Amino acid sequence: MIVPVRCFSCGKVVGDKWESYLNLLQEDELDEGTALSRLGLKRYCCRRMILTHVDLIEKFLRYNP
Amino acid sequence: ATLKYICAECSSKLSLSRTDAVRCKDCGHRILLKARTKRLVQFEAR
Amino acid sequence: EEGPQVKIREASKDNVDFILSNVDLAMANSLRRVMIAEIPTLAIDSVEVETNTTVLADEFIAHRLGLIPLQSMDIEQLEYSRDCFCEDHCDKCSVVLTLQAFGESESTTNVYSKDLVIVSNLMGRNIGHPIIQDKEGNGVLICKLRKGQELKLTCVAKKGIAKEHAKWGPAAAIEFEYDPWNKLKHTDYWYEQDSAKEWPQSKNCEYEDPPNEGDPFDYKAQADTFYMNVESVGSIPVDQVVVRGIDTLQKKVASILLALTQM
Amino acid sequence: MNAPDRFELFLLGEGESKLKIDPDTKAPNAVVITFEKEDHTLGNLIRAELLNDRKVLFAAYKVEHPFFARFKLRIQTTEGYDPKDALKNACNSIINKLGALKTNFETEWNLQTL
Amino acid sequence: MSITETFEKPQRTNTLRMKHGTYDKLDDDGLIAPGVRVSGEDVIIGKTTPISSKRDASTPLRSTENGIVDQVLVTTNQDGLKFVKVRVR
Ligand SMILES: [Zn+2]
Ligand SMILES: [Zn+2]
Ligand SMILES: [Zn+2]
């Protein structure tokens with residue numbers, strides 16, 4: 001639904017890097033790999049967390065009630 | 025101020041007894057939702 | 003100071019790259035495990051929900067709440083609710099926080115950990131303050147609200163340990179290596195044509211001397227010199243994760259000598 | 001439903017003690033200690049140190065089943081040397097060992113910039 | 868003729884026909900309300916039938945299930961039938 005709070009494997013806090021990641025892409029026109037490394041996500045367990053998330057909440061919010 | 029039921033669409037807090045069929049005010053939505061409880065639920069944070 | 007010897011390489015508010023030397027592999031490991039599972043911490047462990055018209059389920063939200071790292075600097079000056087002599091939770095053993103949010107604007111309203119508010123009395127001990135490390139002081143994104151939706155919760159932080167639930171863990175990961183030059187021959191490298199050419203040489207190969215071509219296998223060498231790196235999650239200063247790691251391990255053995263004693 | 005509470009991993013239930021010392025029969029000067037609510041963290045530790053003692057003839061541990069938090073420690077020592085003592089010794093020897101490590105670290109911490 | 872069924876809390880009279888699950892959780896409209904935590908063989912829908933005073937017709941929660949009421953919906957069919965759908969989460 002939303003950014004998991006932490007990396008399932010190691011515990012790293014990741015729920016505080018979703019918007020930043022989104023910006024690193026749009027307003028800075030960076031690539032996902034370079035973007036992810038700049039957010040500090042160095043090990044692939046943490047990288048996959050963000051790179052693979054699907055923000056379905058942004059579609060739930062579109063229903064009226 | 026209490027509310028026994030809600031309406032599937034206009035969200036307007038309805039609430040009637042028997043012989044009142046099932047309709048809202050202007051929103052004839054014969055649906056209606058049962059409204060939450062006041063008896064606050066506790067949750068394990070695990 | 004004769005015995006285990008630390009030799010720090012890097013250090014920051016998050017990591018502590020260091021080199022343990024002159025110690026048993028067993029101790030490097032037990033310490034390695036303790037940091038991951040038995041260092042006390044404060045974390046939301048109970049959520050009362052007054053109102054949730056959000057798009058998520060209560061237990062769903064509650065689950066995230068518990069994952070939100072909280073200030074656990076003076077965690078020792080706080081007791082485990084199970085030991086405390088009150089009835090349930092009190093200022094002597096718990097920190098109460100609140101979350102009230104309303105979708106006011108028409109634009110999507112975000113809810114962060116910063117929006118959490120302590121309601122109990124911290125009696126002067128740095129504890130329960132939601133950790134924040136992002137470049138905008140927002141914290142973790144707990145939920146999202148559409149205009150009209152609401153979220154009224156009441157949490158209750160409590161002292162805990164990873165063994166009970168990974169939310170209470172102060173550690174994020176723990177690099178650990180030894181004998182970067184496979185001299186003790188603890189592992190047998192898998193290869194297609196060349197062991198050496200196919201396996202990436204590690205960082206720590208620089209901090210050591212490559213064995214010499216004709217030297218016969220050193221059969222009496224043991225395992226000392228362990229290259230670690232601790233990453234803190236914020237609920238506690240990195241340096242602390244380590245230090246208290248050694249501390250808890252210390253208290254553990256102590257609880258045993260005291261067992262033979264009163265035995 | 002069948003899952004036991006997680007606190008049962010580190011909290012001694014009722015009627016249980018941190019240690020149950022039993023005399024080994026198969027051999028002389030041998031004891032078998034049962035540590036309740038402890039795992040490999042202490043097991044492999046006390047084992048390793050116990051092995052640095054020369055008047056110690058045997059030391060091994062094992063958690064018979066991952067479901068339960070408890071391990072068994074068997075120690076065999078030279079005649080005259082009580083196994084119970086080797087344990088006390090191994091413990092203290094460990095506790096000291098850590099105290100030093102603790103210091104050296106807090107020392108090296110300060111000398112760092114950041 | 869002159870014989871229906873009612874969604875309301877039952878309290879034994881002449882027939883006593885009911886079941887082990889407790890009705891304490893129902894509301895007087897005969898339905899539990901969102902937020903109420905359910906389990907065991909608890910009753911989700913209280914119903915009754917006078918067959919020629934009260935014969936318990938009612939829906940207990942599945943024996944190997946237990947969650948929290950997520951939504952109760954009350955409606956009508958094409959034949960003007962009172963409908964009830966209880967979703968448990
Ligand atoms: Zn990770
Ligand atoms: Zn309506
Ligand atoms: Zn208390």
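In the order they appear, the protein sequences are chains J, L, C, K and B.
Quick note on numbering: the authors' numbering labels position 6 of the first sequence as 6, and the sequence is numbered without any gaps.
Count along the second sequence from 1, then add 24; that gives the number in the authors' numbering.
Count along the third sequence from 1, then add 2; that gives the number in the authors' numbering.
Quick note on numbering: the authors' numbering labels position 24 of the fourth sequence as 24, and the sequence is numbered without any gaps.
Numbers 868 to 919, 933 to 969, taken from the authors' numbering, label the letters of the fifth sequence in order.
In this text, a Cβ means the ideal position worked out from N, Cα and C, and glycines have one as well.
Taking 8 Å as the threshold, the shortest C-beta distance from residue 30 of chain K to chain C does not fall below it. Spatial neighbours of residue 17 of chain K in its own chain (CB-CB distance under 7 Å, excluding positions within 5 residues in sequence) are listed in chain order as 36. The C-alpha of residue 42 of chain C is placed about 17 Å away from the C-alpha of residue 93 of chain C. Between residue 106 of chain K and chain C, the shortest Cβ-Cβ separation is below 8 Å. Taken in chain order, the whole alpha helix (DSSP H) runs of length 4 or more contained in the stretch 194-251 of chain C are 197-200.
Every residue whose Cβ sits closer than 7 Å to any heavy atom of ligand 1 is listed here in chain order: J:7, J:9, J:10, J:12, J:43, J:45, J:46, J:49 and C:175. When Cβ-Cβ separations below 8 Å define contact, residue 57 of chain L makes no contact with chain C. Taking 8 Å as the cut-off between beta carbons, the residues of the stretch 32-58 of chain J near chain C are 43, 57 and 58, in sequence order. Where residue 112 of chain C is concerned, the enclosing beta strand (DSSP E) starts and stops at 111-114.
Beta bridge pairing from DSSP links residue 61 of chain L with no other residue. For the options B:914, B:967 and B:899, the alpha carbon positioned closest to that of residue 886 of chain B is the one of B:914.
Put simply, the CB of residue 59 of chain C is near chain B, with a gap under 8 Å to one of its CB atoms.
In the displayed model, residue 99 of chain K falls within a helix according to three-state DSSP.
The beta-carbon distance between residue 940 of chain B and residue 959 of chain B, rounded to whole angstroms, is 27 Å. This is too long to meet the 8 Å contact definition.
Residue 873 of chain B is bridged by DSSP to B:915.
The C-beta of residue 48 of chain C has 16 or more other C-beta atoms within 10 Å across all chains shown, which makes the residue buried. A direct Cα-Cα distance of roughly 15 Å separates residue 20 of chain K from residue 62 of chain K.
Annotation for residue 146 of chain C: the continuous beta strand (DSSP E) segment containing it runs 143-147.
Non-local C-beta neighbours of residue 240 of chain C in its own chain, meaning closer than 7 Å and more than five positions away in sequence, comprise 15, 16, 17, 18, 232 and 234, ordered along the chain. Against chain C, the beta carbon of residue 7 of chain K has neighbours under 7 Å at 166, listed in chain order. Per DSSP, residue 131 of chain C lies in no alpha helix (DSSP H); the unbroken beta strand (DSSP E) holding it starts and ends at 129-132. Classified as exposed, residue 52 of chain L has fewer than 16 neighbouring CB atoms from the shown chains inside 10 Å of its CB.
Here residue 948 of chain B carries a strand assignment [DSSP, helix/strand/coil]. Annotation: residue 156 of chain C is outside any alpha helix (DSSP H); the continuous beta strand (DSSP E) that includes it extends over 152-162. Against residue 64 of chain L, the close residues of chain C are 50, 51 and 52, in the order they occur along the chain (beta-carbon pairs closer than 8 Å).
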